[PDB]
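All remarks here apply to the structure that follows.
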Ligand SMILES: *[C@@H]1O[C@H](CO[C@@H]2O[C@@H](C)[C@@H](O)[C@@H](O)[C@@H]2O)[C@@H](O[C@@H]2O[C@H](CO)[C@@H](O[C@@H]3O[C@H](CO[C@H]4O[C@H](CO)[C@@H](O)[C@H](O)[C@@H]4O)[C@@H](O)[C@H](O)[C@@H]3O)[C@H](O)[C@H]2NC(C)=O)[C@H](O)[C@H]1NC(C)=O
Ligand SMILES: *[C@@H]1O[C@H](CO[C@@H]2O[C@@H](C)[C@@H](O)[C@@H](O)[C@@H]2O)[C@@H](O[C@@H]2O[C@H](CO)[C@@H](O[C@@H]3O[C@H](CO[C@H]4O[C@H](CO)[C@@H](O)[C@H](O)[C@@H]4O)[C@@H](O)[C@H](O)[C@@H]3O)[C@H](O)[C@H]2NC(C)=O)[C@H](O)[C@H]1NC(C)=O
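Residue numbers (my numbering), protein chains in the order written: chain A, 441 to 655; chain B, 441 to 655; chain C, 294 to 677; chain D, 294 to 677; chain E, 49 to 267; chain F, 49 to 267.
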């Protein structure tokens, strides 16, 4: 019967200077033995607070700890640019394992920005080699929730794609995504129209980018 | 047969530094004799450009004039804080009247912010005087599109309200609205529940604020 | 006497001793028109009629999938394929399905599968656009008389090509009408009813769409939207069609303006620019003499919503038809009568008189003599 | 042999010479469970069943307005009023309507009007919440045998109160099951069908709502949403009810998980934490001797999706039942058999053997001797 | 520099008359064509009148024809607008717009006056009634303050705690009621932690009536 | 100050073995309880092992029991993690976490090592194939660049025009394909006004293979 901490929300989108509150809910009572860590990529996680409300030495007084029942809340009074990162709870109730939550991402909130959509057909060189990769690009969009759907001629493609998203851009707080769909050139050349159709909040209705093979 | 200029969009909501384009469409061809004015409240309108693409002396090179057919466009390269104001087109085609467009408001775009809603019952003093004014307040919301609906007990009130909106706040680029519903105290005291229900983009479903008379 | 006490009322008056006057009839309200030594006329746009509208796009709201076929291959042999994947009006999706010895394959793993269904539209809606070339306005002209009712009008038609008309006004002459049949919005027609909607709102409707051409076998763009594929546990893939979107559309059309359609003809609240020449309109009862007896009011004089006052008077003299003496005072001033040239036709029937008094305190005296009717009045103006 | 070649497959193994093993059955997939000197068992959650669900809120989707009454007053005499304005299940709006001499009033202007209609729900939907106290899980346990099929299992029930069960496995003993019946989501039930939906999404549905109580005369909150008032030209005010929202809901439920309901019972893909005690499970065929003849494979050995290899062999000796010699090599190493204790029951019927080989190159030898079966194999691992 | 400055605004009764003047500096006045542009409350610019550099020909929009007359004293370097028979619809801010012209009224670059306001109304000057925006319980933040009603003419100035409380106040634009009188509201949100601590007082200032009213607000 | 620094990461074949070390400074090492926390790609922190200040008792999570063993040289002030029988699932960044303790493993304030990466895979080191992101016509802005495919192990570095072109590029996170090889894409948007003017060249750098590839991209 492991103790499991459930963090929420998964993503917390706030403008700088706003008050942030992140929740961690314990599978069972752990009484106060809960700690909040901040994780910025490239660095090790950094203990912000422990015993549910005590700050670790040297952390700013923005970071605040509260507990009621099994529900613990980390509160950031005013978000600084530095504070946009991922946050993990860890319980230390009785004995190991001192399990971690699954993390809450705190991101910069922005005005909705529709993506720029591009499609790239498989190159002649790679086609010579034996495989074909079509690449759909979504450029500089916020929020991150975005749906890329590959369409072959009359068919909706599934299980043959892979996505990759950049982290929020330092200058315009936006995201970009790249979906590549790879086929054996054998299967690639039995079909004519390749399209990616993008659904995003910034688009009044989805936008499709297509090409016909060989042209 | 007056020449009528139709400006669009009515409101243009952009973040600072974005490119702004405002359209003015002429009832009939006026060939190039179109001028763009900027109006900031408290001041007189200020001619930015004339003869459809010529800048008036001393205006920055951000302001740009274009014409195709009957459709004229004023373009601001990068919006400065100063450039958030109302813009009017004026034609000078042949002879007076040198009619004006109805204006396009260029405002600061912001993250959606749901309003704080308050209701205020008629005061005892004003009730003594003979009339009753209920006051619903919406505080610090963006965008400005917001619906206030007065409800008396089972009835939706109409034609007995008046709204007033502040201009965009200098610090958080937000709006606030005040709706007052006035009745003769005679009619006021034949009804029990007074509510205002607010619909806004920031609210997942409308929020109502009510009171019962006398309590 | 057809537009007193209506909120939607416009006053347009012939400048500079004009014989002609410009009105913009916007359905709903009416326009009271005056020119000097002419009858005042109430003009309104009875209806706007449209026929033979061009369909700009057809959207499906109820579809049907038939002719469903499957093809799957096996974890070693690449991606499955169906010729229907390029046959049109066919909607399809690939998945992977778990394959092994039990369903027939040599080794184990996830194998390609594609399901393909033939899409067809069972019932559709149209977005038709309004040609200015088939509008047909009808205008009702009634003369702003004092004829009795407490408070029949002739009508004239305006096609876009036949843009001029003549209204015979019995007893007053012939009014000439020359109106100019002067919208980024579409008539959404669904199932013998219709609405008027913004057109990018229409173009963004999440529904399958073909173009306006009359071919009974069209290709439906974005068929996918009425077809759902479900491969939950990687054992099978099912396709089903969504069932009609009529209810969803209706809910999405509550705010839209509903439009009457009965037999290809559809009725609009239109706005018609127009103007009237009254060169052969000249008043009734200029032959008559002034009125020598006294006048007394049947009702209380009443202010209308636009500042004019309405007065019902009975004449109890015997000059049989007579012009009604009328003036205002500060201090004599000659009155502004919207009911042009009031005349008592018969001593029993009272008459209505609409008059615009000056701002402030004014005294309206009717009849001649010193026991003639005098009405103290105070006109306020507080709001535009 | 029921979970080879399924993607959704979990391997849980009894640590430290354990007699008991913890599994979390998540419907869909299955759990292959091993403990030392015990039969390997495939366990899966056949279904989850719920009955007697508490309705948390009722939402109307088709309403009806009756008993409609109007009251209007006149421009001088203030605001109109109807007693129905405080009678419940009544929805109303005030407007102003143009008043004057023709409709009955002393003077002119805009006069108060209020229309009031009696609202009633014709057909509603329910948001019922799932009590952990009336769930009923059923688990199917089949023994991971080598019994023949190319590749019947006993089942046991778990109520929330009666949380323990015993599965008799004929020929292998009795497995004991003690599972713990371990969701901010609502069962939206509409018209003999049902969906599982996020609950603030349900609470924000723009529909009139009463509470779960069984009174046949409830008060509908936000009735207004199914009633539209139209006072276009200030001559009248009309009320009409919106007509059913069934279509709109269906369209809004395409993404929702559909749930089977037939007779108050509803079926879920549930997740049940559980664990199995095999204290009276001991293997079949430990009496038997080793197998002296040779083995040859009926098919090609096949890698499963989780790295184990599946081997079909025929034995053409005469020791009638015999334990199947089995080991792997780098260089001797003793093999990891998921099909615990393989034994040839009959010389005709082949047997299936699932085995986990080491990473890299390995040599699986079956039978005893030097012409015994040897299978070169190379296990790769490239992705988690 | 080139500049015009106007005067002559104010309150007029309906049917009354007023004359607006607009004096010119920094350019040869005779060579500029003059125009009158007005803006009614909550509305766009309306181009209504024009006059040539020599004042030998005028143009009037249909809205003001026969009531307003535009004139020009070139020797005294000023422009005039004699408005007669004012109706409530004429309430507006009036700008005079000047521009060099070789043709009658046509001009390219221009210069605008400051703009003067005229208000036509039967309403008589009246101080405002001040009523309280009484707060209630949320114990975070709650709203409260003053309501300034039935006053004429504009404007009023509303301050909060004699200026000590500025952050969080919204003074709303006056709305003009059917009575011809104005009504506005001034609100502020403050934390319920300090509802019974700090007395909140508003200062209403209708100087046309010289009524100054302090109203204290509390639950 | 109090600090731990780790070493010993790298590439392991499946079923292979590796030992990680984590050396301590700035505190009496004997009085700190030590723990091993790992983080798999695109996943959360996993708390897997722990050992007391005296190394007299260890705890292993179920995921690593019987394969990983945690040890401690107090005299040499270091912590050890001997990982045996590595499966692909063990690919992760491993942190060692130290904290003063009076009870066996319980600690309050802690200190983390830098974190070392270990990657278990049958994949053999392979340079990347580089293919072009060919642009087409929009004449505003269009996108173009390079695609870096079928390489192992991480990482590659992609530069644009040898660093002269930095604004507008997005190098995407590598995705690891079913083959066990990596694949990523590096894109930039630039104006179609200058598609035929400036040659766009990408520099792909997979140093584990020491393959450096410049690819020029054009329509
Ligand atoms: C798509 O599916 C239809 C079947 O329609 C289904 O019906 C129900 C029961 C469900 O299964 C749903 O999936 C569908 O709604 C295929 O068959 C067509 O429909 C019927 C048979 O089902 C055919 O109608 C036939 O017509 C006879 C007339 O004689 C012949 O005349 C011409 C001469 O060339 C010939 O072309 C024609 O096809 C006829 O064969 C008459 O006796 C009777 O009405 C009989 O039912 C219909 O003709 C079929 N269409 C064909 C054969 O093209 C469709 O074929 C299928 N589409 C394909 C395969 O492309
Ligand atoms: C709301 O409107 C209903 C009418 O229903 C409408 O019907 C159609 C035609 C449209 O007009 C729609 O607006 C509505 O759907 C009023 O009347 C009720 O319904 C019917 C009459 O229309 C009545 O049924 C009657 O019942 C008889 C039984 O005898 C009596 O028994 C008890 C004894 O006290 C008595 O209370 C009862 O009312 C009966 O009078 C029988 O002969 C026959 O069925 C007959 O139709 C029904 O009883 C009416 N309800 C009443 C009178 O309460 C509603 O009255 C109205 N609601 C109000 C006024 O509050």
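Heads up, the beta-carbon is just placed ideally off N, CA and C, and yes, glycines get one too.
In this structure residue 332 of chain C is buried. Its beta-carbon is surrounded by 16 or more other beta-carbon atoms within 10 angstroms.
Counting every other CB atom within 10 Å of its CB across the protein chains shown gives residue 605 of chain D a total of 16 or more, marking it as buried. Counting of Cβ neighbours within 10 angstroms places residue 461 of chain C among the exposed residues, the total staying below 16.
By the 16-neighbour rule on beta-carbons within 10 angstroms, residue 663 of chain C is exposed. Those residues of the region 105-117 of chain F placed with their C-beta closer than 8 Å to a C-beta in chain A are 107 and 109, ordered along the chain. By the C-beta criterion, the region 546-563 of chain C is judged not to be in contact with the region 296-313 of chain C, since fewer than 3 inter-stretch pairs fall below 8 Å. Counting other Cβ atoms within 10 Å of its Cβ, residue 589 of chain D stays below 16 and is therefore classed as exposed. Interface criterion met: the Cβ of residue 372 of chain D is under 7 Å from a Cβ in chain B.
Assigned with DSSP and collapsed to three states, residue 538 of chain B falls in coil, not helix or strand.
Every beta strand (DSSP E) of 3 residues or more that sits fully in the region 399-426 of chain D is shown, in chain order, as 402-422. Here DSSP, grouped into helix, strand and coil, assigns residue 493 of chain C to helix. Under the 8 Å Cβ criterion, the region 491-506 of chain A does not count as touching the region 546-558 of chain A, having fewer than three qualifying pairs.
Look at the region 497-528 of chain D and you find these whole runs of beta strand (DSSP E), each 3 residues long or longer: 520-523. One finds 300 in chain C with Cβ atoms closer than 7 Å to the Cβ of residue 403 of chain D, taken in chain order. In this structure the region 505-516 of chain A touches the region 469-479 of chain A; the number of beta carbon pairs closer than 8 Å is three or more. Contacts between residue 170 of chain F and chain D, judged by CB atoms closer than 7 Å, involve 673, 674 and 675 in chain order. When the beta-carbon positions are compared, residue 360 of chain D and residue 429 of chain D stay at least 7 Å from each other. Relative to the non-hydrogen atoms of ligand 1, the Cβ of residue 382 of chain C never comes closer than 6 Å to any of them.
Non-local beta-carbon contacts of residue 614 of chain A in its own chain, meaning distances under 8 Å to residues more than five positions away in sequence, involve 550, 553, 580, 581, 582 and 608 in chain order. The continuous stretches of alpha helix (DSSP H) do not include residue 94 of chain F, which lies in the beta strand (DSSP E) extending over residues 93-99.
Between residue 481 of chain C and residue 501 of chain C, the gap from beta carbon to beta carbon reaches 7 Å or more.
Selection E:100, E:81 and E:130 evaluated against residue 113 of chain E yields E:130 as nearest (Cα-Cα). By the neighbour-count criterion, in which 16 or more other beta carbons inside 10 Å mark a residue as buried, residue 455 of chain C falls on the exposed side. Relative to ligand 1, the nearest heavy atom lies less than 6 Å away from the CB of residue 359 of chain C. DSSP, read as helix, strand or coil, puts residue 466 of chain D in strand. Distance check between residue 449 of chain D and each of D:413, D:567 and D:512 places D:567 closest, using alpha-carbon atoms only.
For residue 58 of chain F, the secondary structure class from DSSP, reduced to helix, strand or coil, is strand.
Rounded to whole angstroms, the gap between the alpha carbons of residue 396 of chain D and residue 416 of chain C is 46 Å. By the criterion of a C-beta distance shorter than 8 Å, residue 624 of chain B is surrounded in its chain by 570, 571 and 572, once the five residues flanking it on both sides are discounted. Taking the CA atoms as reference points, residue 602 of chain C sits about 37 Å from residue 255 of chain E. When C-beta distances to chain A are compared with 8 Å, the residues of the region 522-552 of chain B below that value are 549, 550 and 551, in chain order. Contact of residue 651 of chain C with chain E is assigned, a C-beta pair being separated by under 7 Å.
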